[PDB]
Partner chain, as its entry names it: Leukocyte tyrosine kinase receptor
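Given as C-alpha cells, the chain that follows is alone and in the form deposited without its partner chain.
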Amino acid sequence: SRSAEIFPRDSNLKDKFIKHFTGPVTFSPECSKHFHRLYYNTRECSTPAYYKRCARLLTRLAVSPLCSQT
C-alpha cells in the first residue's frame, strides 16, 4: 500500500505531475539512461507518495554536469 498524492488514474500522470513540479528538466541522451535508472529502480520515483523525493532526485539529475549543457 503506497499513498497516491494525486487524484486521477493514469500511467503518464506521474511524469506529467513531476515535470509540472520540477519544470523543464530537458534530460540529455546520457541523462535519458540515468533517468530510466533513477525513475524505475528507486523507491522515490516508484512510489506515488514519494513524488517530492522523486522531484528532488530528477531535478538533481537535470542540474548534474551530464544534463547541464551550457
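Residue numbers count along the first chain shown, from 1.
What comes next is about the form deposited with its partner chain bound, which is not displayed.
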Checklist entry - Taking the shortest heavy atom distance, is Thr42 within 4.5 Å of its partner chain in the deposited complex? => result yes
Checklist entry - Taking 4.5 angstroms as the cut-off for heavy atoms, does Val25 touch its partner chain in the deposited complex? => result no
Checklist entry - Using a 4.5 Å cut-off on heavy atoms, which residues of 16 to 38 contact its partner chain in the deposited complex? => result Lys16, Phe17, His20, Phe21, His34, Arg37, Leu38
